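S.K.: From the sequence below, what's the structure:
(9 chains)
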Amino acid sequence: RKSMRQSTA
Amino acid sequence: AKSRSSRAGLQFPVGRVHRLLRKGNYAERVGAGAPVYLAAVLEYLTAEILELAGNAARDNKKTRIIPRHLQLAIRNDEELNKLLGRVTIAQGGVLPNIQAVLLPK
Amino acid sequence: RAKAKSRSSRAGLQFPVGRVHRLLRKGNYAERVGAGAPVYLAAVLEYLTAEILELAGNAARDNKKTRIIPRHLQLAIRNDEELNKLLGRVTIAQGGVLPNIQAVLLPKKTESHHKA
Amino acid sequence: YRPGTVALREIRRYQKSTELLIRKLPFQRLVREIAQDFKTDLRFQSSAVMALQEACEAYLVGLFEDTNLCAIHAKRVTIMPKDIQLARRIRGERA
Amino acid sequence: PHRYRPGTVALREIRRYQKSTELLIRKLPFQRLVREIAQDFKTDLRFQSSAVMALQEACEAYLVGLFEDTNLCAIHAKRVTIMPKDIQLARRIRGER
Amino acid sequence: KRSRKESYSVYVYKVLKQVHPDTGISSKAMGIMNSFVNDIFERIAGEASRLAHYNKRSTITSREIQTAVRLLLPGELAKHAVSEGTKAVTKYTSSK
Amino acid sequence: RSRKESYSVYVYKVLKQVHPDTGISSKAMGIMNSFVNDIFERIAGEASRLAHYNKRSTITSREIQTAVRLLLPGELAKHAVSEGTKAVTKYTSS
Amino acid sequence: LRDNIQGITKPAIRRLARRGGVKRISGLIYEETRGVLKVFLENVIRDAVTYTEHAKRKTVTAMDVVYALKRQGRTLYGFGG
Amino acid sequence: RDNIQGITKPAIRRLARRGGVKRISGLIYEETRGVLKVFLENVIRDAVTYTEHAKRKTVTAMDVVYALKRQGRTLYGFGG
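M.R.: Numbers count the residues shown, from 1 in each chain, chains lettered A, B, ... in the order given. Right below this line is the structure:
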C-alpha cells in the first residue's frame, strides 16, 4: 500500500 | 477453502475478530460484515502507525522500530495524539521541546 | 400456586431487583448473570439514592422549601466530599455552582451622602 | 463606584439563582447553524436544545472558574485570553 | 577553575534526558516504596518483577506530564522557576482537585 | 398504541418518603435521581462485566458486583454499600 | 506455554507491506499488540452501546461504521470508514 | 447563516463569568469564550448528528445529546426520562 | 518503615528535567513526594483489589495495567 492521507503520503 | 481474510483482501484475522466479537459479551448477533469492517479499520490504523514509526526510526539511522519512535509518531501526528492522548508508551519518554522563555538569548 | 413473593421484598430493598436483573440478562453485560449480582446492585443503588435524598432534603429544609429541586441536588452533591468525587464529571440541568456571600460589599464601599 | 463593587453583587446573585444565563432564542439559532454543516433540514427536540444549553453553560462556568484561578495565579484580578488558553491547554483540549 | 553560568547545565540536562527514554527513579527504593504502600492494604502480598516495573513506568510518565504542565503555569506568572504554586494550579486545572 | 416508558420514580419516591416523610420531590428532581440511578447501574454493571472477563468468567456474580462496588465508590462510601449488599444477600438466602 | 493470541504476525505482515525492510523489536511488537486490543475494545464497546441505543440485538457493519465515526478525528475517520466499506464490499462479492 | 455565534452577547458571557467566580473580565475574553463555546458545540452536535443519522431519524432527540455528552465525559442528568 | 524518601532529590530533578523544567524550587520535592505517594496508593489499591478478586497472592503486571487503565493512564507495553 504505502498510500495514506496526503499528510502521511 | 479461501479464508475470509484473503476473501476480503485484508491481512488481519477476520475469523479471530468475529470470534472475539461474539465472545466479549458485546451483543447477541455479530453481523456477517461487522468482523470484516472492524478488521479493516484495525489494519488501517496499524498500517498508519507502523509506517509513521518506521519512517521516524529510519530517520534516526535505524532499521528496526523501537518504542521511542512509536511514541514519536504517535505524538507528532495530531490525529494519533488525539486518539492516543491519555495513553502512555513504556520506554517512550516525551518529545524534545524547550519553551522559548527557558531558552537563553 | 403459593403466594408469589417479589425479590425486592425478600432482600428488603425498595428499588426493583426484578427490573435490575431484567436489564442485566438482556443487556449483554455478560452471558449468564448470577442470582446475587442484581440483588447487590439494587442494594447499592438504594443506599446511594437514600444518601443523596437525605442530603437533598437537608438542603431543602435549610433553604426553607418542601419540594426538592435541581438546586438542592447540586448543592448536596457538591457539598459532600465523596459524592462530588463520585459525580465530578456529572452536570445537572437547572443546577448551579456554590455561591458567594455579598455581605463583603457593605464594610468596604456604599453609596455616599452625595445627592442621596 | 469602580472596579470593586457591582461585580461582586452580580457574582452573588447569578450564583444564587440557577436560571439559564444565555438567552434561549439566540442560542437555538447558533445550535441550528452549527448543525447545518452536518445534515441539511435537521430537526431538534426542545429538550435536546435545553440539554445542549445546560451542558454549554456548565462547561463555560467551569472554564471561567479555572480561568479565574489562572488570573489569580499571576496576581491579577482580570481574566485575560492567555488565562483561558492555559486552562484549555492543561485541560488537553488544545495541547 | 571553570564553572558554567546558571542555566547552561540545566538546559544540557534537559536536552539529554529529553531524548533518552529510560527509567529515572531508583529501582530498589521505588520497589521498597511500592511494598510499603501495598502493606497497608493486604498483608504479605507478593509483587511480580514486572508489576513493579509497570508501576514505575506509569508513575514516571505521570510525574513527567505533571512537570510539563507545571512549567506552563510557572511561565504564566512570568517566572522561569517552578514552585509548588505552579503544581497546585496545574493539578487544579486538570480536575484532580 | 401506548408507547409506555419505564422509570424508577416508584422506588425513589418510596425511598424518599421512608427517609424523609415530610419532604417531597419535584418531577425534574425525580428525573435527575432516575438519571443518577441509571448511571450508577451502568457503571457497576460494566465494572462487574469487565472484572468477570479478566478472570475468564462468563457470569457476573455477587462477588464481582461486590468488588466493583469496592472499586467505584470512593473512601468511606464503598464500605457502607458493601455492608448493605452483604446484609441483604444474607437476609435473602435465609428465606425471610 | 500459555497459547494466547498476539497480533505479532499480522502486525508484522502490515509492517512488511508498509516498510519491507523495516523490522520491529519485541517491545514495539507488544506495544502494537496492546494498541490493537485497546482499539478493538473501544470500537466493540461503542458498537454495543450503539446497538443498544437503537434497541438492536446485533452489531452489524453499520454499527461498527458509526462507532468508528465517533472515535477517529475526521480525516482518520474518513479513511477508516472508506477502508472498512471497501473491505465489506469486496467480501460481499467474493 | 447570519452569524449566529454573535447571538452570545457580552452580558451573557459576563453573567457566565460572574457565576464562575470571575471578579473582572477583559475585553478580548468574549471572543475567546465565543470560540471555545463554538468548538464545544461543534463536537457535541457532531456526536449528536452521528447518533441521529445512524438511526435514520430526521430529528435530534434529547437522548442523542445525552449520549454525545456522555462520550465527552460531560454526563448530563435531567433528560434521561 | 517510612521509605517514601526513596524518591530522592536527584530523581525528582531528573523527572522535572525530562518535563522541560530547568529550575526547581526548594519546596517542590516534599510536594512531589506526596503527589507520587497518593498516585501510587490509588493505583496499588486498585491492583490489590483486582488481585484479591482473582484469589491470587501475587500482584501480576496485568493487574497493574488494569489499575492504571481505570485511572485513564493506559500503559502500553505490558499486555494491554
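S.K.: Residue numbers of chain A in contact with chain B?
M.R.: A:1-2, A:4, A:7-8 (C-beta under 8 Å from any C-beta of the partner chain). Placement of C-beta: from N, CA and C, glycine included.
S.K.: Which one of those residues is nearest to chain C?
M.R.: Nearest to chain C among the residues of chain A next to chain B, counting by C-beta to the nearest C-beta, is residue A:7 at 32.8 Å.
S.K.: What about that closest one, how many residues nearby?
M.R.: Burial of residue A:7 is recorded as 10 neighbouring residues (other C-beta atoms under 10 Å in any protein chain shown).
S.K.: measure the residue lying closest to it once chain neighbours are set aside to residue C:97 for me?
M.R.: Counting by C-beta to C-beta, 6 or more residues apart in numbering or on different chains, residue G:75 is the residue found nearest to residue A:7 once chain neighbours are left out, at 7.5 Å. From residue G:75 across to residue C:97, the span is 38 Å (C-beta to C-beta, to the nearest Å).
S.K.: Between these two, which is the more surrounded one?
M.R.: Taking other C-beta under 10 Å, residue G:75 and residue C:97 do not tie; residue C:97 has more neighbours (18 against 15).
S.K.: quick one on the thing from earlier: so which of the residues of chain A next to chain B sit within helices?
M.R.: Among the residues of chain A next to chain B, no member falls in helices (DSSP state H).
S.K.: Next, give me the two most distant ones among those residues.
M.R.: Based on C-beta to C-beta, the longest span within the residues of chain A next to chain B runs between A:1 and A:7 and measures 15.7 Å.
S.K.: Determine how far the helix or strand hosting residue D:50 lies from the middle of the whole chain.
M.R.: Taking DSSP states H and E as the criterion, residue D:50 maps to helix D:46-73. Helix D:46-73 sits 4 Å away from the centroid of its parent chain (C-alpha atoms, centre = their mean, to the nearest Å).
S.K.: and the angle for that helix with helix E:49-76?
M.R.: 70 degrees (axes from the mean of the first three to the mean of the last three C-alpha atoms, to 10 degrees).
S.K.: Helix D:46-73 and chain H in contact?
M.R.: Yes. Helix D:46-73 lies within reach of chain H by C-beta under 8 Å from any C-beta, at D:47-48, D:50-52, D:54-65, D:67-68, D:71.
S.K.: Can you give me every residue that contacts the residue in chain B that chain D sits nearest to?
M.R.: When distances are taken as C-beta to the nearest C-beta, chain B reaches nearest to chain D at residue B:85, 6.2 Å away. When contacts are counted by C-beta atoms under 8 Å, 6 or more residues apart in numbering or on different chains, residue B:85 touches D:92, D:95.
S.K.: Can you report phi and psi for it?
M.R.: phi -60, psi -60 (degrees, to the nearest 10).
S.K.: Might you name the residue of chain A sitting closest to chain E?
M.R.: Closest point on chain A to chain E, by C-beta to the nearest C-beta, is residue A:8, at 23.7 Å.
S.K.: how much space between that residue and residue B:83?
M.R.: Taking C-beta to C-beta, one finds residue A:8 at 14 Å from residue B:83.
S.K.: repeat for residue B:31
M.R.: Going from residue B:31 to residue B:83 by C-beta to C-beta gives 24 Å.
S.K.: Tell me how many other residues crowd the residue of chain A closest to chain E.
M.R.: Neighbours of residue A:8 under the rule other C-beta under 10 Å: 18.
S.K.: any idea whether the residue of chain B positioned farthest from its centre is helix, strand or coil?
M.R.: Largest separation from the mean C-alpha position in chain B: residue B:105, at 40.4 Å (C-alpha atoms, centre = their mean). In three-state terms, and counting by DSSP: H, G, I helix; E, B strand; the rest coil, residue B:105 is coil.
S.K.: separation between it and chain H?
M.R.: Distance, residue B:105 to chain H, using C-beta to the nearest C-beta, to the nearest Å: 30 Å.
S.K.: on that earlier part again, tell me the one of the residues of chain A next to chain B nearest residue G:7?
M.R.: residue A:1 (17.7 Å).
S.K.: Am I right that that closest one is in contact with residue B:46?
M.R.: No. Residue A:1 is beyond contact range of residue B:46, at 11.5 Å (criterion: C-beta atoms under 8 Å).
S.K.: ok, so what distance separates the residue in chain H that chain G sits nearest to from residue G:56?
M.R.: Residue nearest to chain G within chain H: residue H:54 (4.1 Å; C-beta to the nearest C-beta). Going from residue H:54 to residue G:56 by C-beta to C-beta gives 10 Å.
S.K.: residues bridging contact with these two, i.e. touching both?
M.R.: Counting by C-beta under 8 Å, 6+ apart, the residues touching both residue H:54 and residue G:56 are residue G:63.
S.K.: Pick out whichever of these two has more residues nearby.
M.R.: More neighbours surround residue H:54 than the other of residue H:54 and residue G:56, with 19 against 16 (other C-beta under 10 Å).
S.K.: what are the phi and psi angles of the nearest residue to that one once chain neighbours are set aside?
M.R.: Of all residues not flanking residue H:54 in the chain, residue G:66 sits nearest, at 4.1 Å (C-beta to C-beta, 6+ apart). Backbone torsions for residue G:66, taken as degrees, to the nearest 10, come to phi -60, psi -40.
S.K.: so how far is residue B:4 from residue G:66?
M.R.: In terms of C-beta to C-beta, residue G:66 sits 23 Å off from residue B:4.
S.K.: Skipping adjacent residues, who's closest to the one residue sitting closest to the centre of chain A in space?
M.R.: Central residue of chain A (C-alpha atoms, centre = their mean): residue A:4, 2.3 Å from the mean position. In this structure, residue A:4 finds its nearest non-sequential neighbour in residue B:48, 5.9 Å apart by C-beta to C-beta, 6+ apart.
S.K.: ok, the one you found - contacts?
M.R.: When contacts are counted by C-beta under 8 Å, 6+ apart, residue B:48 touches A:4, A:8, B:80, G:76.
S.K.: give the contact list for the closest residue to the last one other than its chain neighbours.
M.R.: With sequence-adjacent residues excluded and distances taken as C-beta to C-beta, 6+ apart, residue G:76 is closest to residue B:79, at 4.3 Å. When contacts are counted by C-beta under 8 Å, 6+ apart, residue B:79 is found next to G:72-76.
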